[PDB]
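Shown next as structure tokens: one chain only, the form deposited in one PDB entry.
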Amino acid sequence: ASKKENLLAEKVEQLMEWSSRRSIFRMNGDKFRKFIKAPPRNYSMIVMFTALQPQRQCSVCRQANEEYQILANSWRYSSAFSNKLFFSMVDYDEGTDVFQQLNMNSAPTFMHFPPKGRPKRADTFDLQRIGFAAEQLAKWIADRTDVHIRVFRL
């Protein structure tokens, strides 16, 4: 019943809830900091950094978004055995300060933010080697978190 553990339980409850209307949490800088950067956390976060506004003309962003949606929706269909994994996105035009902080000069990028510490090397998905099939994103998430998502349909 510490202030911290009540805070933590309150955060998780806010995420658990938001993911009951949207399988992917659309974040600006403030939201990214609150739910990803700020302690405490006991959950993993997956983030797709993207640039989906038409003026950015990022075709790969658009294609990868479709597979990310397929993946997050597969998870939302069959989880809630877990409040330990959540999915989010940061769009360049909504979180430009986050891209700057992460020294991102391109898109899209998928990252895993563990509950403690900083992302490790392997916590950046190797898009340029693997491509972005939902099933490959899932394999990578399993490797990093031991949460295994069965993608339906492809």
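Each residue number is its position in the shown sequence, starting from 1.
One more form of this protein, deposited with a partner chain bound, exists but is not displayed; see below.
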Could you check which residue among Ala107, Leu85, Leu102, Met111 gets a heavy atom within 4.5 Å of its partner chain in the deposited complex? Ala107
Assert contact residue (its partner chain, in the deposited complex, non-hydrogen atom within 4.5 Å, options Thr124, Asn42, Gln57, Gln63) equals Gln57
For its partner chain in the deposited complex, the stretch among 114-122, 66-74, 30-38, 48-56 with residues bearing a heavy atom within 4.5 Å is 48-56
